[PDB]
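Text of my_file13.tsv (TSV, C-alpha atoms) as supplied:
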```tsv
chain	number	residue	atom	x	y	z
X	15	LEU	CA	5.07	46.03	-34.24
X	16	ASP	CA	1.30	46.32	-33.70
X	17	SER	CA	0.12	49.89	-33.14
X	18	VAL	CA	-2.06	49.94	-36.24
X	19	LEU	CA	-3.87	46.71	-35.36
X	20	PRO	CA	-5.94	47.56	-32.25
X	21	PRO	CA	-7.45	50.84	-33.52
X	22	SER	CA	-8.15	49.48	-37.02
X	23	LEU	CA	-9.98	46.53	-35.47
X	24	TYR	CA	-11.90	48.95	-33.25
X	25	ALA	CA	-12.96	50.90	-36.32
X	26	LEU	CA	-14.07	47.65	-37.97
X	27	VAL	CA	-16.06	46.89	-34.82
X	28	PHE	CA	-17.66	50.33	-34.63
X	29	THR	CA	-18.57	50.67	-38.30
X	30	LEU	CA	-20.16	47.21	-38.54
X	31	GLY	CA	-21.38	46.22	-35.07
X	32	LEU	CA	-23.04	49.51	-34.13
X	33	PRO	CA	-25.59	49.45	-37.01
X	34	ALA	CA	-25.96	45.68	-36.63
X	35	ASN	CA	-26.36	46.11	-32.87
X	36	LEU	CA	-29.07	48.73	-33.38
X	37	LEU	CA	-30.85	46.27	-35.68
X	38	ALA	CA	-30.45	43.51	-33.08
X	39	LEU	CA	-31.83	45.95	-30.49
X	40	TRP	CA	-34.96	46.43	-32.60
X	41	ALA	CA	-35.24	42.69	-33.24
X	42	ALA	CA	-35.01	41.92	-29.52
X	43	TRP	CA	-37.63	44.54	-28.64
X	44	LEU	CA	-40.04	43.32	-31.31
X	45	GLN	CA	-39.44	39.79	-30.01
X	46	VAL	CA	-40.23	40.81	-26.42
X	47	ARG	CA	-43.33	42.67	-27.60
X	48	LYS	CA	-44.96	39.23	-27.86
X	49	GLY	CA	-43.86	38.12	-24.39
X	50	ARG	CA	-40.59	36.26	-24.98
X	51	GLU	CA	-38.43	35.64	-21.91
X	52	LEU	CA	-35.26	35.52	-24.02
X	53	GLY	CA	-36.15	38.97	-25.34
X	54	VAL	CA	-35.05	40.91	-22.26
X	55	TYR	CA	-31.72	39.08	-22.03
X	56	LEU	CA	-31.07	39.71	-25.73
X	57	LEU	CA	-32.08	43.36	-25.23
X	58	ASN	CA	-29.56	43.78	-22.42
X	59	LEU	CA	-26.77	42.01	-24.32
X	60	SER	CA	-27.35	44.35	-27.27
X	61	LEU	CA	-27.37	47.29	-24.84
X	62	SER	CA	-23.94	46.28	-23.55
X	63	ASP	CA	-22.72	45.94	-27.14
X	64	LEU	CA	-23.89	49.50	-27.89
X	65	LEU	CA	-22.10	50.72	-24.77
X	66	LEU	CA	-18.84	49.12	-25.92
X	67	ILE	CA	-19.33	50.59	-29.40
X	68	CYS	CA	-19.90	54.08	-28.00
X	69	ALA	CA	-16.96	53.80	-25.58
X	70	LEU	CA	-14.56	52.68	-28.33
X	71	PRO	CA	-13.99	56.10	-30.03
X	72	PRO	CA	-12.13	57.44	-26.97
X	73	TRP	CA	-9.96	54.31	-27.04
X	74	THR	CA	-9.14	54.88	-30.72
X	75	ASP	CA	-7.54	58.25	-29.97
X	76	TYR	CA	-6.04	56.78	-26.79
X	77	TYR	CA	-4.17	54.19	-28.87
X	78	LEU	CA	-3.31	56.64	-31.67
X	79	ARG	CA	-1.65	58.70	-28.95
X	80	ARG	CA	0.74	55.72	-28.46
X	81	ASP	CA	-1.13	54.86	-25.21
X	82	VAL	CA	-0.72	58.22	-23.40
X	83	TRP	CA	-4.00	59.88	-22.53
X	84	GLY	CA	-5.09	62.94	-24.49
X	85	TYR	CA	-8.89	63.13	-24.12
X	86	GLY	CA	-9.27	64.10	-20.47
X	87	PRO	CA	-7.17	64.92	-17.46
X	88	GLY	CA	-9.35	62.75	-15.23
X	89	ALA	CA	-12.38	61.82	-17.36
X	90	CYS	CA	-10.99	58.38	-18.32
X	91	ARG	CA	-12.34	56.50	-15.29
X	92	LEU	CA	-15.76	56.72	-16.96
X	93	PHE	CA	-14.50	55.14	-20.19
X	94	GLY	CA	-12.57	52.37	-18.43
X	95	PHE	CA	-15.63	51.72	-16.26
X	96	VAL	CA	-18.03	51.37	-19.18
X	97	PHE	CA	-15.60	49.24	-21.20
X	98	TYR	CA	-14.87	46.73	-18.44
X	99	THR	CA	-18.41	46.60	-17.04
X	100	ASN	CA	-19.79	45.87	-20.52
X	101	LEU	CA	-17.06	43.26	-21.00
X	102	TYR	CA	-18.39	41.41	-17.96
X	103	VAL	CA	-22.11	42.08	-18.50
X	104	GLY	CA	-22.05	40.64	-22.01
X	105	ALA	CA	-20.78	37.31	-20.73
X	106	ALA	CA	-23.32	37.38	-17.90
X	107	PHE	CA	-26.22	37.82	-20.31
X	108	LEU	CA	-24.79	35.17	-22.65
X	109	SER	CA	-24.95	32.84	-19.65
X	110	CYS	CA	-28.53	33.95	-18.94
X	111	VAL	CA	-29.61	33.29	-22.54
X	112	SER	CA	-28.03	29.83	-22.39
X	113	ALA	CA	-29.80	29.06	-19.10
X	114	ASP	CA	-33.13	30.24	-20.52
X	115	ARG	CA	-32.73	27.99	-23.56
X	116	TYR	CA	-31.75	25.06	-21.33
X	117	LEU	CA	-34.83	25.48	-19.15
X	118	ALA	CA	-37.05	25.87	-22.21
X	119	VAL	CA	-35.75	22.67	-23.82
X	120	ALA	CA	-35.06	20.33	-20.89
X	121	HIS	CA	-38.35	21.05	-19.08
X	122	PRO	CA	-40.88	22.35	-21.62
X	123	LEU	CA	-43.77	21.57	-19.26
X	124	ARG	CA	-42.48	23.53	-16.26
X	125	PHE	CA	-40.83	26.72	-17.57
X	126	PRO	CA	-41.78	29.63	-17.73
X	127	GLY	CA	-44.01	29.62	-14.66
X	128	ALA	CA	-45.44	33.08	-13.93
X	129	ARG	CA	-45.16	36.10	-16.31
X	130	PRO	CA	-41.47	35.47	-17.07
X	131	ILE	CA	-40.89	39.07	-18.18
X	132	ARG	CA	-41.06	40.27	-14.57
X	133	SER	CA	-38.60	37.76	-13.11
X	134	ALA	CA	-36.32	38.03	-16.14
X	135	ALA	CA	-36.18	41.82	-15.81
X	136	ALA	CA	-35.52	41.44	-12.08
X	137	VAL	CA	-32.56	39.15	-12.80
X	138	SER	CA	-31.32	41.48	-15.54
X	139	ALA	CA	-31.42	44.54	-13.28
X	140	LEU	CA	-29.69	42.54	-10.55
X	141	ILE	CA	-26.91	41.60	-12.98
X	142	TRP	CA	-26.51	45.23	-14.03
X	143	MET	CA	-26.40	46.46	-10.42
X	144	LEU	CA	-24.00	43.75	-9.23
X	145	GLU	CA	-21.65	44.22	-12.19
X	146	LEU	CA	-21.58	47.99	-11.70
X	147	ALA	CA	-20.93	47.54	-7.97
X	148	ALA	CA	-18.16	45.03	-8.70
X	149	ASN	CA	-16.49	47.30	-11.28
X	150	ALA	CA	-16.82	50.38	-9.05
X	151	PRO	CA	-13.41	49.85	-7.34
X	152	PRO	CA	-11.89	49.89	-10.84
X	153	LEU	CA	-13.03	53.43	-11.74
X	154	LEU	CA	-13.35	56.05	-9.00
X	155	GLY	CA	-10.32	58.29	-9.54
X	156	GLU	CA	-7.85	56.21	-7.53
X	157	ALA	CA	-4.68	55.51	-9.54
X	158	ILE	CA	-2.92	56.59	-12.73
X	159	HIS	CA	0.77	56.48	-13.60
X	160	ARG	CA	3.51	56.95	-16.19
X	161	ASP	CA	6.93	55.29	-16.17
X	162	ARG	CA	9.31	55.84	-19.10
X	163	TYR	CA	8.05	58.23	-21.79
X	164	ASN	CA	4.51	58.96	-23.00
X	165	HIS	CA	3.16	55.84	-21.26
X	166	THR	CA	0.08	56.89	-19.22
X	167	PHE	CA	-2.55	54.37	-20.25
X	168	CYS	CA	-5.67	55.06	-18.20
X	169	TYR	CA	-5.98	53.15	-14.90
X	170	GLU	CA	-3.33	50.56	-15.74
X	171	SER	CA	-0.77	49.05	-13.37
X	172	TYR	CA	2.62	48.13	-14.80
X	173	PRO	CA	3.71	46.50	-12.62
X	174	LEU	CA	0.79	45.40	-10.45
X	175	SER	CA	0.09	47.50	-7.36
X	176	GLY	CA	0.89	44.58	-5.06
X	177	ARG	CA	-0.32	41.24	-3.76
X	178	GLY	CA	-2.58	43.14	-1.36
X	179	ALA	CA	-4.44	44.62	-4.34
X	180	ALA	CA	-3.50	42.54	-7.40
X	181	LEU	CA	-6.30	40.07	-6.59
X	182	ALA	CA	-8.83	42.20	-8.49
X	183	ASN	CA	-7.71	40.49	-11.70
X	184	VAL	CA	-8.02	37.03	-10.13
X	185	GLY	CA	-11.49	37.85	-8.84
X	186	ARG	CA	-12.55	39.16	-12.24
X	187	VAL	CA	-11.15	36.07	-13.98
X	188	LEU	CA	-12.99	33.62	-11.73
X	189	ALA	CA	-16.26	35.52	-11.21
X	190	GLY	CA	-16.63	37.25	-14.57
X	191	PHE	CA	-15.49	34.62	-17.07
X	192	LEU	CA	-15.21	31.15	-15.53
X	193	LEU	CA	-18.64	31.12	-13.88
X	194	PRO	CA	-20.76	32.36	-16.84
X	195	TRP	CA	-18.76	30.24	-19.28
X	196	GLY	CA	-19.12	27.11	-17.16
X	197	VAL	CA	-22.84	27.82	-16.87
X	198	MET	CA	-23.07	27.98	-20.67
X	199	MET	CA	-21.06	24.73	-20.89
X	200	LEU	CA	-23.43	22.86	-18.58
X	201	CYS	CA	-26.58	24.43	-20.03
X	202	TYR	CA	-25.87	23.65	-23.69
X	203	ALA	CA	-24.57	20.18	-22.82
X	204	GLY	CA	-27.83	19.54	-20.99
X	205	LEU	CA	-29.76	20.88	-23.98
X	206	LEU	CA	-28.07	18.38	-26.29
X	207	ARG	CA	-28.60	15.59	-23.77
X	208	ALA	CA	-32.31	16.44	-23.53
X	209	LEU	CA	-32.68	16.56	-27.33
X	210	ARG	CA	-31.59	12.91	-27.57
X	211	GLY	CA	-34.98	11.30	-27.02
X	212	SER	CA	-37.00	13.50	-29.39
X	213	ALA	CA	-38.83	11.18	-31.78
X	214	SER	CA	-39.61	14.23	-33.93
X	215	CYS	CA	-36.38	15.81	-35.16
X	216	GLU	CA	-34.25	13.86	-37.63
X	217	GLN	CA	-30.46	13.99	-37.86
X	218	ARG	CA	-30.79	17.16	-39.95
X	219	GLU	CA	-32.20	19.02	-36.93
X	220	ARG	CA	-30.18	17.40	-34.14
X	221	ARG	CA	-26.92	18.16	-35.93
X	222	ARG	CA	-28.04	21.74	-36.61
X	223	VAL	CA	-28.80	22.21	-32.91
X	224	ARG	CA	-25.40	20.63	-32.20
X	225	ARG	CA	-23.62	23.19	-34.39
X	226	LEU	CA	-25.62	26.00	-32.77
X	227	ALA	CA	-25.18	24.94	-29.14
X	228	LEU	CA	-21.52	23.87	-29.48
X	229	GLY	CA	-20.58	26.77	-31.74
X	230	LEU	CA	-21.77	29.77	-29.74
X	231	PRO	CA	-19.82	28.84	-26.57
X	232	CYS	CA	-16.80	28.23	-28.80
X	233	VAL	CA	-17.09	31.77	-30.20
X	234	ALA	CA	-17.51	33.17	-26.68
X	235	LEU	CA	-14.39	31.33	-25.51
X	236	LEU	CA	-12.41	32.41	-28.58
X	237	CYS	CA	-13.37	36.03	-27.89
X	238	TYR	CA	-12.98	36.10	-24.08
X	239	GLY	CA	-10.14	33.63	-23.53
X	240	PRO	CA	-6.87	35.40	-24.38
X	241	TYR	CA	-7.68	38.50	-22.31
X	242	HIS	CA	-8.46	36.65	-19.10
X	243	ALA	CA	-5.62	34.19	-19.75
X	244	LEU	CA	-3.09	37.03	-19.89
X	245	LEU	CA	-4.66	38.79	-16.90
X	246	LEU	CA	-4.72	35.61	-14.80
X	247	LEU	CA	-1.13	34.77	-15.73
X	248	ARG	CA	0.06	38.26	-14.80
X	249	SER	CA	-1.76	38.37	-11.48
X	250	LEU	CA	-0.92	34.79	-10.48
X	251	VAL	CA	2.79	35.27	-11.16
X	252	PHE	CA	2.84	38.67	-9.44
X	253	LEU	CA	1.36	37.06	-6.33
X	254	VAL	CA	4.16	34.47	-6.45
X	263	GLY	CA	11.53	38.17	-13.34
X	264	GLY	CA	8.50	40.40	-12.89
X	265	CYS	CA	10.01	43.33	-14.79
X	266	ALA	CA	10.93	41.25	-17.83
X	267	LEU	CA	7.62	39.38	-17.68
X	268	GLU	CA	5.73	42.68	-17.87
X	269	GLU	CA	8.03	43.76	-20.71
X	270	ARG	CA	7.32	40.65	-22.78
X	271	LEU	CA	3.63	40.15	-21.95
X	272	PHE	CA	2.47	43.73	-22.53
X	273	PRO	CA	2.11	44.09	-26.33
X	274	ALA	CA	0.03	40.93	-26.76
X	275	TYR	CA	-2.25	41.60	-23.78
X	276	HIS	CA	-3.06	45.05	-25.14
X	277	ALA	CA	-4.03	43.45	-28.47
X	278	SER	CA	-6.11	40.72	-26.84
X	279	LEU	CA	-8.70	43.40	-26.07
X	280	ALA	CA	-9.09	43.81	-29.83
X	281	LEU	CA	-10.21	40.16	-29.86
X	282	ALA	CA	-12.42	40.71	-26.81
X	283	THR	CA	-14.22	43.54	-28.61
X	284	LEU	CA	-15.15	41.14	-31.42
X	285	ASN	CA	-17.76	39.50	-29.17
X	286	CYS	CA	-19.96	42.61	-29.27
X	287	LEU	CA	-20.12	42.16	-33.06
X	288	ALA	CA	-20.33	38.35	-33.07
X	289	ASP	CA	-23.24	38.14	-30.61
X	290	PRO	CA	-25.78	39.89	-32.91
X	291	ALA	CA	-24.79	37.56	-35.74
X	292	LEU	CA	-25.18	34.43	-33.60
X	293	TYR	CA	-28.40	35.59	-31.90
X	294	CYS	CA	-30.19	37.72	-34.52
X	295	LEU	CA	-28.99	36.55	-37.95
X	296	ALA	CA	-29.46	32.96	-36.74
X	297	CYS	CA	-33.16	33.34	-35.92
X	298	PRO	CA	-35.35	33.54	-39.06
X	299	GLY	CA	-37.82	35.88	-37.36
X	300	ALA	CA	-35.09	38.43	-36.70
X	301	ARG	CA	-34.14	38.22	-40.38
X	302	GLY	CA	-37.77	38.97	-41.22
X	303	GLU	CA	-37.69	41.95	-38.87
X	304	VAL	CA	-34.49	43.13	-40.57
X	305	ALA	CA	-36.27	42.86	-43.93
X	306	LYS	CA	-39.02	44.96	-42.32
X	307	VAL	CA	-36.48	47.62	-41.28
X	308	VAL	CA	-35.52	48.38	-44.89
```
Written form, structure tokens:
Amino acid sequence: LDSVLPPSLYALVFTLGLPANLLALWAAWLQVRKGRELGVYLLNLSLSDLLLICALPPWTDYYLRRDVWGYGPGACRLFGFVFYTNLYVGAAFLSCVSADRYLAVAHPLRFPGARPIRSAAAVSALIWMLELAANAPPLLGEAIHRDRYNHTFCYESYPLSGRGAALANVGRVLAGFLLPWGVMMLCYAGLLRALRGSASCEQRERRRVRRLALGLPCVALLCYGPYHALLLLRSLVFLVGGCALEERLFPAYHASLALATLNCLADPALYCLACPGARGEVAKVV
């Protein structure tokens, strides 16, 4: 069985990501102190990572309680809200970073155009507001349940509430994963296609950019694929044996979130440890 796995992984994510995410926070702010458009997007991605890291400790006890809530009678909507909203916001800002890089590379002569910090912060605040307003129906004190024995996981629905309400998972799958991930696909593919004519960079730089721009989307997919795959499968079938399907597909779905939480530790490594300047800032921190 796997009731040690999730919480142990969460601890590994806390203990390592949270310091590394603070360091990435400082690196992003010292980057944006010079007027870097990518700085605000990196800042917000690190912010979401910190929010996941700080929301994890309730989930640790939650699991250790064999999924039945112990922390609060009703205070769990907040923790579910922050967890899921960060889960979506991280992908959104990954997409924004990819788009910024694509516009910087493909059209170096026409982007940025007017004090990009202002428009970038506008887009960032719009993403935050829209994600919060899209996750609001998922945490307001609406539903909670228990079926057999000590099974009251916060705001879960085994089985799904019904085809008239099960479409929240489908909407989240399409508009929280597929759209940002497809945007990153197109943006990094366009970046590689624009790098083709550069007389300057040799193979040693084109192939490095190829590893970077076809290795970060791969990590994002590896971290945010199983969760949305299981969710989409569950919801799509439930629209269309349901009992036995929920029985079999529960213990792997609940451990796919352990893989999803690895993105909040992988993103600093792929966006701070990759850049030499952020390594210099880290050497300044000590």
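Coordinates place atom CA of residue X:170 at a distance of 17.1 Å from atom CA of residue X:69.
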Using all atoms listed in the file, which residues sit within 9 Å of residue X:248 once same-chain residues fewer than 4 positions away are excluded, as a VMD selection string?
chain X and resid 174 183 243 to 244 252 to 253 264 267 to 268 271
Go ahead and write the selection's residues with C-alpha atoms as a PDB file, keeping the file's coordinate frame.
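The resulting file, part14.pdb, is reproduced below:
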```
ATOM      1  CA  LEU X 174       0.790  45.400 -10.450  1.00  0.00           C
ATOM      2  CA  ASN X 183      -7.710  40.490 -11.700  1.00  0.00           C
ATOM      3  CA  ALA X 243      -5.620  34.190 -19.750  1.00  0.00           C
ATOM      4  CA  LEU X 244      -3.090  37.030 -19.890  1.00  0.00           C
ATOM      5  CA  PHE X 252       2.840  38.670  -9.440  1.00  0.00           C
ATOM      6  CA  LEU X 253       1.360  37.060  -6.330  1.00  0.00           C
ATOM      7  CA  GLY X 264       8.500  40.400 -12.890  1.00  0.00           C
ATOM      8  CA  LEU X 267       7.620  39.380 -17.680  1.00  0.00           C
ATOM      9  CA  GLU X 268       5.730  42.680 -17.870  1.00  0.00           C
ATOM     10  CA  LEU X 271       3.630  40.150 -21.950  1.00  0.00           C
TER      11      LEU X 271
END
```
Taking (-12.0, 38.1, -26.5) in the file's coordinates, which residues come within 8 Å, counting all atoms listed in the file, written as a list in words?
residues 234, 235, 236, 237, 238, 239, 240, 241, 278, 279, 280, 281, 282, 283, 284 and 285 of chain X
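Nearest to residue X:156 of all the residues X:91, X:197, X:128, X:116 is X:91, counting all atoms listed in the file.
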Can you measure atom CA of residue X:189 to atom CA of residue X:101 for me? One decimal in Å is fine.
12.5 Å
Write out as an mmCIF file with C-alpha atoms, in the coordinates of the input which residues come within 12 Å of residue X:51 when counting only C-alpha atoms, dropping same-chain ones fewer than 3 positions away.
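Dumped everything to result-v1.cif:
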```cif
data_model
loop_
_atom_site.group_PDB
_atom_site.id
_atom_site.type_symbol
_atom_site.label_atom_id
_atom_site.label_comp_id
_atom_site.auth_asym_id
_atom_site.auth_seq_id
_atom_site.Cartn_x
_atom_site.Cartn_y
_atom_site.Cartn_z
ATOM 1 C CA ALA X 42 -35.010 41.920 -29.520
ATOM 2 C CA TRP X 43 -37.630 44.540 -28.640
ATOM 3 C CA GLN X 45 -39.440 39.790 -30.010
ATOM 4 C CA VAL X 46 -40.230 40.810 -26.420
ATOM 5 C CA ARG X 47 -43.330 42.670 -27.600
ATOM 6 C CA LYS X 48 -44.960 39.230 -27.860
ATOM 7 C CA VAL X 54 -35.050 40.910 -22.260
ATOM 8 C CA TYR X 55 -31.720 39.080 -22.030
ATOM 9 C CA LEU X 56 -31.070 39.710 -25.730
ATOM 10 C CA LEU X 57 -32.080 43.360 -25.230
ATOM 11 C CA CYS X 110 -28.530 33.950 -18.940
ATOM 12 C CA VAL X 111 -29.610 33.290 -22.540
ATOM 13 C CA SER X 112 -28.030 29.830 -22.390
ATOM 14 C CA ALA X 113 -29.800 29.060 -19.100
ATOM 15 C CA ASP X 114 -33.130 30.240 -20.520
ATOM 16 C CA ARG X 115 -32.730 27.990 -23.560
ATOM 17 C CA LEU X 117 -34.830 25.480 -19.150
ATOM 18 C CA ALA X 118 -37.050 25.870 -22.210
ATOM 19 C CA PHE X 125 -40.830 26.720 -17.570
ATOM 20 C CA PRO X 126 -41.780 29.630 -17.730
ATOM 21 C CA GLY X 127 -44.010 29.620 -14.660
ATOM 22 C CA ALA X 128 -45.440 33.080 -13.930
ATOM 23 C CA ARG X 129 -45.160 36.100 -16.310
ATOM 24 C CA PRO X 130 -41.470 35.470 -17.070
ATOM 25 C CA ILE X 131 -40.890 39.070 -18.180
ATOM 26 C CA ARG X 132 -41.060 40.270 -14.570
ATOM 27 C CA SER X 133 -38.600 37.760 -13.110
ATOM 28 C CA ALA X 134 -36.320 38.030 -16.140
ATOM 29 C CA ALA X 135 -36.180 41.820 -15.810
ATOM 30 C CA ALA X 136 -35.520 41.440 -12.080
ATOM 31 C CA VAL X 137 -32.560 39.150 -12.800
ATOM 32 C CA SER X 138 -31.320 41.480 -15.540
#
```
